[PDB]
Amino acid sequence: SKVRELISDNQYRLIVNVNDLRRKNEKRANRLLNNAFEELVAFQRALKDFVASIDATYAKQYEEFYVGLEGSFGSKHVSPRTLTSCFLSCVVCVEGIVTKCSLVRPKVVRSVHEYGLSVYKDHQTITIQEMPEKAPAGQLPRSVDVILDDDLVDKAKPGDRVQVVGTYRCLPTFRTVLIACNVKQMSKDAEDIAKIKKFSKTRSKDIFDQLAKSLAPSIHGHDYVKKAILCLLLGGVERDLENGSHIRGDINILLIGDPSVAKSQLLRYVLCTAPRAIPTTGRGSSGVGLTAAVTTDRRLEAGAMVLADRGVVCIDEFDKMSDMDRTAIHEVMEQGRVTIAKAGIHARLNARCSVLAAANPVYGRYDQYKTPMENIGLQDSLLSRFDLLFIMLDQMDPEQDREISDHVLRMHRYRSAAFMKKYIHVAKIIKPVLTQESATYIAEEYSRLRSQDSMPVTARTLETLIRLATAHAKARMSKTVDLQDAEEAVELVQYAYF
Amino acid sequence: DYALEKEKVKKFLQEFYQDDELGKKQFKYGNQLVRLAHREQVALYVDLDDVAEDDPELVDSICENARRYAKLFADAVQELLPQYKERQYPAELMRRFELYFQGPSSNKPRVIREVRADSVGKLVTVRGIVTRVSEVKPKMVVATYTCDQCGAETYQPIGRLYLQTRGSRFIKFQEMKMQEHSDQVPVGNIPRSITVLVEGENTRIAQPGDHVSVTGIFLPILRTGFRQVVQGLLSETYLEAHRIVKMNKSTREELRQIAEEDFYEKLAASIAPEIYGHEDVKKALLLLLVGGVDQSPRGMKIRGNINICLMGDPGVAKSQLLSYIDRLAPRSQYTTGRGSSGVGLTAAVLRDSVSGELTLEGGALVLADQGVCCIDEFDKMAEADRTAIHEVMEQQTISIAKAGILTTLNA
Amino acid sequence: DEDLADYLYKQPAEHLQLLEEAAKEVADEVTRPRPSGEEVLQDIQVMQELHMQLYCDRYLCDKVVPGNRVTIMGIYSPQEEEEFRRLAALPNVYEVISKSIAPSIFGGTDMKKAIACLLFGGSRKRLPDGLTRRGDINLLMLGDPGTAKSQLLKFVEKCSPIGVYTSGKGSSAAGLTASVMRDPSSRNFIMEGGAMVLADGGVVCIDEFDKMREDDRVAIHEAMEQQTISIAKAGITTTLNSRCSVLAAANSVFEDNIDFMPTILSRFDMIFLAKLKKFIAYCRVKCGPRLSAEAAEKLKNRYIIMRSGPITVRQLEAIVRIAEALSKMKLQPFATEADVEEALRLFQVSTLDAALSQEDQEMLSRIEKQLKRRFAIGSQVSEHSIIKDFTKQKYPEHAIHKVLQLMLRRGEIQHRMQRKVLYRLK
């Protein structure tokens with residue numbers, strides 16, 4: 001039997017792949033016309049013939065016998081940008097971004113459009129813009145939101161990028177939505193591989209000391225921060241924080257200096273190399289990391305720290321921000337989830353988002369004197385909260401400044417990029433898991449460094465050192481840490497301390 | 001079955017007051033009826049369990065149609081008066097006389113998140129934590145209006161016309177907010193809380209923070225308005241709380257082998273796992289995780305308060321444990337120094353839209369009636385928030401001295 | 001062809017309806033399988049001001065911005081070089097370039113000569129890795145009015161084939177950059193644009209640039225830096241080319257003297273007939289010039305001489321554009337140190353303009369003297385009054401804005417407290 005597995009004690013809705021779908025006939029729940037309006041109700045009414053044979057208890061009109069029609073879809077499988085009236089009232093395997101979400105309710109007794117004739121229905125629409133991270137360098141959308149029916153409502157949450165297939169819910173002008181049909185999380189559900197396996201040999205070269213420069217094309221100095229820039233480029237998206245949590249490896253970095261002290265440029269490079277990465281500068285006035293609970297509409301204009309989930313950001317002019325944006329970042333950095341609760345939008349929406357940060361020498365140019373904790377006035381804890389706080393100090397180094405303008409001009413043209421991006425993907429799903437021996441070497445020298453910089457935090461610093469060794473071995477595509485991978489981090493954190 | 005069995009329920013209600021001798025040669029429900037016409041008791045509650053023992057109709061049916069079997073419970077009660085009466089709607093038509101509901105666990109106190117499209121028209125009970133105590137008003141329900149050329153009383157629920165109180169049908173009402181218990185949310189979610197519809201003698205009754213009863217249930221006064229449930233313009237079913245009632249009070253080593261060995265040895269080794277030792281602190285946390293609330297009668301009212309401070313924040317990421325504590329601690333809330341105003345702990349007031357004027361809603365402390373109070377950055381609770389603290393020294397300490405409101409709430 | 005052309009001009013709307021139907025008739029007679037996969041039509045479909053509304057919907061919705069290389073795809077209801085080559089041969093052409101452009105009503109030669117560089121500008125550098133770079137130096141014209149700077153900007157304007165005079169503190173809803181708004185009907189787009197927008201590639205006579213709207217100010221800072229701005233809305237990937245050039249005209253206000261951005265005067269240089277339209281274009285169209293390395297030697301040496309002297313770094317950059325103008329004034333492959341040295345003689349003035357001739361270290365001391373060491377809560381020490389104490393302490397409104405009302409930028413505790421204590425108390 002192919003119809004008796006539907007548990008309608010549970011939610012009547014089902015998941016259906018196309019291979020078993022074509023096997024049925026009309027009125028036995030097939031789909032071969034792709035004429036949904038007849039094909040769906042006929043599917044459901046076929047199911048209503050299947051349930052009445054399985055359980056007449058399950059044969060109830062208030063139960064809709066809906067379905068998502070999930071598997072092997074393709075012919076329609078595009079984005080909101082790309083979801084056009086050729087699919088008008090067609091089931092499109094929508095990939096996109098669940099960012100800009102809606103306000104909630106049940107609906108009313110849909111009578112014109114058993115607890116009484118016409119009960120409410122648990123419902124809202126939810127936005128999908130096209131999947132941005134593969135989207136054009138520049139392009140406007142014609143996107144849409146999408147209906148979440150009862151059992152589907154509140155399934156996923158804003159900021160996801162997902163695999164959701166359903167019916168192009170157009171009205172007649174030309175206004176639409178989808179009704180999901182069902183969600184799968186592409187956000188959960190994920191050729192030069194062997195070439196990378198050839199490239200990535202330790203017999204190949206030290207990629208790490210290289211690659212930090214192989215993507216820092218236009219930067220004299222800062223060779224520490226390149227590796228940092230790499231390291232923050234590197235790192236996983238999960239820590240096995242059972243029944244609790246701590247400092248983590250998605251932690252985020254601060255820098256000091258001007259652009260043309262490479263600030264914007266580095267970010268621009270981090271931006272030009274921002275794969276799973278959105279930026280900002282400072283204030284970023286567009287619901288920075290918020291849903292903003294948007295009036296007389298209501299929308300959830302889920303900000304960066306929603307849009308940056310499973311990502312890393314660039315902040316420029318970090319000092320610019322509001323105190324609230326100085327504040328709420330502080331914890332949601334820690335939580336990694338965006339504690340929002342006004343009249344309406346209550347949540348801690350995840351903030352699986354690292355950052356690189358930059359801002360100004362306050363009222364300096366040099367701004368050397370004092371702890372950034374008041375040298376740069378975004379004062380307190382945030383800084384201790386941050387991964388790292390490097391200063392591209394404006395120290396005149398004429399022997400370099402000699403080189404710098406030459407170093408400008410070997411790039412001037414008197415007359416290996418994606419290679420990272422193809423490296424990094426393969427790296428981002430590895431786990432260079434523990435080694436006692438490295439761990440010894442880490443555990444060896446933390447206390448040393450902790451003691452060495454005596455003349456700086458056990459609950460924290462180890463955890464970045466952990467991640468710092470990780471990026472090393474992650475870039476190696478190694479599956480456990482090398483004692484040298486555990487080493488340069490100590491050098492790195494030492495290079496934080498020089 | 002519903003719209004046309006009017007005679008039964010009237011027959012039923014004609015007999016159910018007669019169905020026993022428990023109201024002194026009358027049923028208990030009829031005990032009130034003579035007390036009703038004599039204006040002794042005016043509001044009524046209903047233990048629906050007594051009906052299902054002989055007729056689960058009007059029990060399962062009201063559970064299927066609260067409104068109708070609410071409304072139909074009334075229209076019998078409407079014409080049932082002359083049978084016990086000591087003497088459109090005639091003037092007295094249950095005009096100050098009211099009906100509530102209660103009974104078996106078929107209406108278990110449900111979750112603020114678990115209101116539904118199914119919960120429309122539903123028989124509806126809830127427990128949880130209270131806040132948003134509005135300024136009560138009286139509230140008319142019927143525009144006993146004037147046909148001036150014609151004289152005697154005329155009633156609309158709704159131009160040259162006047163709408164005049166002398167026969168109109170009023171009520172004392174409020175807004176309230178039930179909240180989750182902070183106990184059935186071992187979750188990465190917000191403890192939800194609800195706009196509550198609040199009325200009757202169950203206004204002017206209770207304070208925030210309480211764990212309570214409800215019945216969030218429709219009034220008999222109208223089914224839908226002029227017709228069945230299908231309509232074109234409709235305001236919201238929110239929680240029409242009937243029978244709001246406090247919850248004063250809802251693994252043995254003798255049968256098992258559990259409390260025998262010292263928790264004050266053992267519980268350390270099974271609490272604070274990530275923590276890097278220093279269980280010594282944990283003891284007081286263990287002590288506070290015990291608390292001292294439930295006192296013996298020696299007047300030790302300060303027993304409840306284990307009032308600890310810990311000094312310095314990236315102490316092991318001691319920032320973390322308060323979540324661990326709250327992961328342990330129900331009736332518990334966390335706050336931070338400069339995260340919000342004192343109403344992170346305290347309460348304050350302004351207008352609202354739905355119902356109720358200037359709902360006082362309160363903070364963690366107002367939320368923490370005998371709770372567990374967990375702070376970040378006690379130093380940034382600058383002088384304002386240094387203060388009710390310095391009162392909350394004294395237990396039931398959220399005191400007000402403002403123009404319209406001058407209470408204290410039970411911190 | 002013959003049976004359509006003149007008809008389609010006055011009567012487009014039907015004789016082409018025959019065509020696509022005739023195409024559907026042929027496409028059906030092409031006798032492929034014929035499901036409703038019409039989306040590849042727009043593949044086999046191949047096989048405002050320069051306002052007007054134009055067909056911007058289902059296939060046509062949201063392709064590009066306006067004023068572009070006008071490929072009108074639908075219908076709505078040499079010997080002069082030889083002169084220029086002689087001018088390119090011509091030695092003191094620079095000065096008639098300086099001065100034939102010039103109403104000598106006013107103007108230092110250098111000041112114009114920026115313009116004489118400006119119109120030639122830098123270049124647009126499709127460089128080494130993804131990232132590209134400017135090619136065009138910008139000018140910030142402050143000082144006293146009573147100059148016919150209007151006429152001057154209009155000189156540039158009615159010199160500029162690409163370039164529009166802009167206003168003021170805005171006008172209508174086009175920005176100095178890609179402002180937009182809401183169609184009442186569904187708010188699809190209002191590509192309002194901006195001042196660089198109609199002038200992208202040209203030059204923008206920003207009148208009272210200081211007096212602009214703050215809406216673009218948060219945006220302009222970057223596309224001025226970047227020659228492109230991003231539409232920061234919900235899911236709009238588009239970032240628009242702001243590759244127009246500058247004529248940033250405002251008054252000497254009051255990089256210290258910006259509304260809220262005293263570095264953005266970084267973004268400019270230091271300012272206190274149709275013959276050309278034939279001339280400058282071709283070299284604006286051609287050149288693709290560079291810089292002589294031997295000048296790069298002197299440059300590197302010079303900047304070391306200047307480093308004995310970001311300013312320098314971006315001055316490095318600005319020079320690298322300025323002398324880059326000259327090769328385009330000279331049709332050269334690259335630029336000689338004379339250009340640099342002249343450009344230094346151009347810029348050193350601008351640096352002497354950048355000079356004007358002390359730190360804020362006097363300020364936060366005396367303010368922290370005042371903010372808590374005098375009085376934390378600030379009562380009696382308020383901006384109703386202490387303004388006078390600032391008038392005594394010579395800390396003007398701009399300066400207290402430079403410090404005091406950005407001491408709250410520092411997270412200054414008792415000050416930002418005071419910002420709310422004396423929000424009403426004073």
# chains A, B, ... in the order shown; residues from 1 in each chain; ligands from 1
call {"tool": "interface_residues", "arguments": {"of": "chain A", "to": "chain C", "cutoff": "6 Å", "atoms": "only C-alpha atoms", "output": "PDB file with N, CA, C and O atoms, in the first residue's frame"}}
result
ATOM      1  N   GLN A 129      12.333  37.270  -0.682  1.00  0.00           N
ATOM      2  CA  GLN A 129      13.149  37.807  -1.750  1.00  0.00           C
ATOM      3  C   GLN A 129      13.984  36.678  -2.335  1.00  0.00           C
ATOM      4  O   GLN A 129      14.147  35.620  -1.723  1.00  0.00           O
ATOM      5  N   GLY A 138      24.241  43.676  -9.079  1.00  0.00           N
ATOM      6  CA  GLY A 138      23.231  44.685  -8.856  1.00  0.00           C
ATOM      7  C   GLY A 138      21.967  44.417  -9.635  1.00  0.00           C
ATOM      8  O   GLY A 138      22.011  44.257 -10.857  1.00  0.00           O
ATOM      9  N   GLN A 139      20.831  44.377  -8.942  1.00  0.00           N
ATOM     10  CA  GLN A 139      19.568  44.071  -9.595  1.00  0.00           C
ATOM     11  C   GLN A 139      18.433  44.276  -8.601  1.00  0.00           C
ATOM     12  O   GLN A 139      18.540  43.914  -7.426  1.00  0.00           O
ATOM     13  N   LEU A 140      17.346  44.871  -9.090  1.00  0.00           N
ATOM     14  CA  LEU A 140      16.112  45.056  -8.334  1.00  0.00           C
ATOM     15  C   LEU A 140      15.276  43.776  -8.374  1.00  0.00           C
ATOM     16  O   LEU A 140      15.338  43.032  -9.358  1.00  0.00           O
ATOM     17  N   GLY A 377      35.989  55.080  22.891  1.00  0.00           N
ATOM     18  CA  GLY A 377      34.727  55.609  23.397  1.00  0.00           C
ATOM     19  C   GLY A 377      33.556  54.707  23.168  1.00  0.00           C
ATOM     20  O   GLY A 377      32.663  54.619  24.014  1.00  0.00           O
ATOM     21  N   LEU A 378      33.487  53.913  22.076  1.00  0.00           N
ATOM     22  CA  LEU A 378      32.634  52.755  22.167  1.00  0.00           C
ATOM     23  C   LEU A 378      33.622  52.143  23.200  1.00  0.00           C
ATOM     24  O   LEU A 378      34.701  51.726  22.913  1.00  0.00           O
ATOM     25  N   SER A 405      54.388  53.386  -1.576  1.00  0.00           N
ATOM     26  CA  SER A 405      53.961  54.005  -2.813  1.00  0.00           C
ATOM     27  C   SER A 405      54.483  53.216  -3.996  1.00  0.00           C
ATOM     28  O   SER A 405      53.874  53.188  -5.064  1.00  0.00           O
ATOM     29  N   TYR A 414      51.548  50.514 -14.287  1.00  0.00           N
ATOM     30  CA  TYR A 414      52.249  51.249 -15.340  1.00  0.00           C
ATOM     31  C   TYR A 414      51.915  50.666 -16.713  1.00  0.00           C
ATOM     32  O   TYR A 414      51.689  51.403 -17.678  1.00  0.00           O
TER      33      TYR A 414
END
call {"tool": "residues_around", "arguments": {"residues": "residue 174 (chain C)", "least_positions_apart": "3", "cutoff": "8 Å", "atoms": "only C-alpha atoms", "output": "number ranges by chain"}}
result
C: 170-171, 177-180, 192-195
call {"tool": "write_last_selection", "arguments": {"atoms": "N, CA and C atoms", "output": "CSV table (one decimal), in the first residue's frame"}}
result
chain,number,residue,atom,x,y,z
C,170,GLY,N,18.4,70.0,-1.7
C,170,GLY,CA,17.5,69.1,-2.5
C,170,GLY,C,16.5,69.9,-3.3
C,171,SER,N,15.6,69.1,-3.9
C,171,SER,CA,14.4,69.6,-4.7
C,171,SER,C,13.7,68.4,-5.1
C,177,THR,N,21.8,61.7,-5.4
C,177,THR,CA,22.1,60.3,-5.6
C,177,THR,C,20.8,59.6,-5.6
C,178,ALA,N,20.8,58.3,-5.7
C,178,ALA,CA,19.6,57.5,-6.2
C,178,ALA,C,18.6,57.4,-5.1
C,179,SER,N,18.0,58.6,-4.8
C,179,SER,CA,16.7,58.6,-4.1
C,179,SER,C,15.7,57.8,-4.8
C,180,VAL,N,14.8,57.2,-4.0
C,180,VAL,CA,13.6,56.6,-4.6
C,180,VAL,C,12.4,56.7,-3.6
C,192,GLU,N,14.0,57.8,-8.5
C,192,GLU,CA,14.1,59.2,-8.5
C,192,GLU,C,15.4,59.7,-9.0
C,193,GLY,N,16.4,58.9,-8.7
C,193,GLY,CA,17.7,59.3,-9.1
C,193,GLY,C,18.3,60.4,-8.2
C,194,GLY,N,19.1,61.2,-8.8
C,194,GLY,CA,20.0,62.1,-8.1
C,194,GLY,C,20.6,63.1,-9.0
C,195,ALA,N,21.7,63.7,-8.6
C,195,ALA,CA,22.3,64.8,-9.3
C,195,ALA,C,23.5,64.2,-10.1
call {"tool": "closest_atom_pairs", "arguments": {"of": "chain C", "to": "chain B", "cutoff": "12 Å", "atoms": "only C-alpha atoms", "output": "Markdown table"}}
result
| residue | atom | partner | partner_atom | distance |
| --- | --- | --- | --- | --- |
| C:413 | CA | B:380 | CA | 10.6 |
| C:414 | CA | B:382 | CA | 11.3 |
| C:417 | CA | B:382 | CA | 10.4 |
call {"tool": "write_last_selection", "arguments": {"atoms": "N, CA, C and O atoms", "output": "mmCIF file, in the first residue's frame"}}
result
data_model
loop_
_atom_site.group_PDB
_atom_site.id
_atom_site.type_symbol
_atom_site.label_atom_id
_atom_site.label_comp_id
_atom_site.auth_asym_id
_atom_site.auth_seq_id
_atom_site.Cartn_x
_atom_site.Cartn_y
_atom_site.Cartn_z
ATOM 1 N N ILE C 413 29.523 59.160 30.165
ATOM 2 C CA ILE C 413 28.473 58.703 31.075
ATOM 3 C C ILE C 413 27.664 59.883 31.600
ATOM 4 O O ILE C 413 26.466 60.007 31.317
ATOM 5 N N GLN C 414 28.302 60.774 32.360
ATOM 6 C CA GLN C 414 27.557 61.873 32.964
ATOM 7 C C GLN C 414 27.098 62.880 31.919
ATOM 8 O O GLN C 414 26.124 63.607 32.147
ATOM 9 N N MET C 417 24.096 61.179 30.284
ATOM 10 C CA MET C 417 23.171 61.461 31.366
ATOM 11 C C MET C 417 22.685 62.901 31.285
ATOM 12 O O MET C 417 21.487 63.155 31.132
#
call {"tool": "closest_residue", "arguments": {"among": "A:256, A:490, A:103, A:313", "to": "residue 366 (chain A)", "atoms": "only C-alpha atoms"}}
result
A:256
call {"tool": "residues_around", "arguments": {"residues": "residue 288 (chain C)", "least_positions_apart": "5", "cutoff": "10 Å", "atoms": "only C-alpha atoms", "output": "ChimeraX atom specification"}}
result
/C:122-125,283,324,327-328,331-334
call {"tool": "write_last_selection", "arguments": {"atoms": "C-alpha atoms", "output": "mmCIF file, in the first residue's frame"}}
result
data_model
loop_
_atom_site.group_PDB
_atom_site.id
_atom_site.type_symbol
_atom_site.label_atom_id
_atom_site.label_comp_id
_atom_site.auth_asym_id
_atom_site.auth_seq_id
_atom_site.Cartn_x
_atom_site.Cartn_y
_atom_site.Cartn_z
ATOM 1 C CA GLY C 122 41.665 60.833 -13.681
ATOM 2 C CA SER C 123 40.631 57.500 -15.168
ATOM 3 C CA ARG C 124 38.290 54.584 -14.514
ATOM 4 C CA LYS C 125 40.419 51.717 -13.477
ATOM 5 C CA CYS C 283 40.803 62.182 -24.858
ATOM 6 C CA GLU C 324 46.865 61.849 -14.860
ATOM 7 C CA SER C 327 48.477 63.142 -20.051
ATOM 8 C CA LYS C 328 44.874 63.479 -21.174
ATOM 9 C CA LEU C 331 47.228 62.490 -25.190
ATOM 10 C CA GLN C 332 50.153 60.748 -23.696
ATOM 11 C CA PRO C 333 50.704 57.100 -22.776
ATOM 12 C CA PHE C 334 51.903 58.225 -19.393
#
call {"tool": "interface_residues", "arguments": {"of": "chain B", "to": "chain A", "cutoff": "7 Å", "atoms": "only C-alpha atoms", "output": "ChimeraX atom specification"}}
result
/B:64-65,116-117,120-122,189-190,229-230,316-317,320,324
call {"tool": "select_by_dssp", "arguments": {"residues": "region 94-261 of chain C", "states": "strand (DSSP E)", "output": "JSON, numbers by chain"}}
result
{"C": [140, 141, 164, 165, 203, 204, 205, 206, 207, 228, 229, 230, 239, 240, 241, 245, 246, 247, 248, 249]}
call {"tool": "residues_around", "arguments": {"residues": "residue 387 (chain C)", "least_positions_apart": "6", "cutoff": "12 Å", "atoms": "only C-alpha atoms", "output": "VMD selection string"}}
result
chain C and resid 367 370 380 to 381 393 to 401 404 to 405 426
call {"tool": "residues_around", "arguments": {"residues": "residue 280 (chain B)", "least_positions_apart": "2", "cutoff": "12 Å", "atoms": "only C-alpha atoms", "output": "PyMOL selection string"}}
result
chain B and resi 264-265+267-269+271-272+275-278+282-287
call {"tool": "residues_around", "arguments": {"residues": "residue 491 (chain A)", "least_positions_apart": "2", "cutoff": "12 Å", "atoms": "only C-alpha atoms", "output": "PyMOL selection string"}}
result
chain A and resi 224+227-228+442+445-446+449+465+468-469+484-489+493-498
call {"tool": "atom_distance", "arguments": {"atom1": "CA of residue 172 (chain A)", "atom2": "CA of residue 44 (chain A)"}}
result
24.4 Å
call {"tool": "select_by_dssp", "arguments": {"residues": "region 179-406 of chain C", "states": "helix (DSSP H, G or I)", "output": "ChimeraX atom specification"}}
result
/C:209-211,214-226,264-267,274-285,293-308,311-330,337-355,360-374,386-392,397-402,404-406
